[PDB]
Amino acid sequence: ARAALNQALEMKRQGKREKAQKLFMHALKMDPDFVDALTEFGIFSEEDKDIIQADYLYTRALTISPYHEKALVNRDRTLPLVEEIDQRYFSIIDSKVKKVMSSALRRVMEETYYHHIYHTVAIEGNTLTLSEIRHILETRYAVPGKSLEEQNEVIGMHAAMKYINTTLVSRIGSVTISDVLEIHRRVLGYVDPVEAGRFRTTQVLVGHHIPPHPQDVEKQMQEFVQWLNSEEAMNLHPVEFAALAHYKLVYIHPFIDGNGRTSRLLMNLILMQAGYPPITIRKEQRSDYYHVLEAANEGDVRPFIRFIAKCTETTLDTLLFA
């Protein structure tokens, strides 16, 4: 553990950049609570112009050891700088949403609907293609050679988003626990009608994450709905609120299945309510998406907020091609 850090620091001296980067990663793979590695890797990353990652490391170091002097002097400088960097990116997104606020766009909107389904289902392991999804939703006929469950995941999504767009989007008032159960009722209804629209009865594992016990789900969902209809959350930038709402639901994991799908849809509800286009996390982005969700469980929700913001920009860029 300490052997790797002393080796990484020596490699950093005079040359050997990629030899040190993998050595630093090794010392943190050995022990991610290595206060000395975190600050060293943080100071190292700041040299390659990555202040955001550096600050993450100094921050991770401080939660472990609050009076570590090297982490403090560094963090006392990055904290305000990183907050401005984040705030600037949000203004860049706002300028693009101002541009999107004003036949070619209609052809993009209809295909991105079928596309959103493709990615939201594929990210969970759905082997279906975009042409098969486009067929299933248009003919209502079964795609030959593919399982019923996979095609029922697709119908379920469609029923969920047609529900949000007709009932929920434009609706005035506070978001309730019944609304979330109603989205889940459609998401999972064609795959598991017994568990669709109802709270988890058993205890589950999501990677290395153990969600609240089924006995406490109802209470934690009550607090979450209350936070959605609170003014602290209402004061956040739309992208930050939408990412936090998504993380919090996913964290509670109130359902046996369809947590990620319901969250991604609740995220789009938050966005669209504040006049933002619906957003799509791609099949290819899965590995990064699970990495940033892990980083939030560990204590820092910021990388996930930036991930959701990179997605909002890539969705706003794709629309501005026409």
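So that there is no doubt, residue numbering starts at 1 and follows the sequence shown.
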- Query: Looking at the deposited sequence, how many residues between residue 102 and residue 103 were given no coordinates in the entry: none, 1 to 3, 4 to 9, or 10 or more?
  - Reply: 4 to 9
- Note on the structure: Assert higher mean C-alpha B factor (301-309 or 16-24, deposited values) equals 16-24
- Task: Could you settle it for me: does 250-258 or 62-70 have the higher average Cα B factor in the PDB entry?
- Result: 62-70
- Note on the structure: One of 92, 242, 159, 175 has the largest Cα B-factor in the entry, namely 175
- Item | Candidate set 34, 290, 276, 56 [ranked by C-alpha B-factor, highest] | 34
- Of the three thirds of Cα B-factor ranks in this chain, residue 49 occupies the middle
- Should residue 169 be placed in the lowest, middle or highest third of its chain by the C-alpha B factor in the entry? middle
- Task: Relative to the other modelled residues of the same chain, rank the CA B-factor of residue 198 and answer lowest, middle or highest third.
- Result: lowest
- Note on the structure: In terms of its chain's C-alpha B-factors, the third that includes residue 282 is the lowest
- Task: Using the B-factor values recorded in the entry, state whether the Cα atom of residue 130 falls in the lowest, middle or highest third among the modelled residues of its chain.
- Result: highest
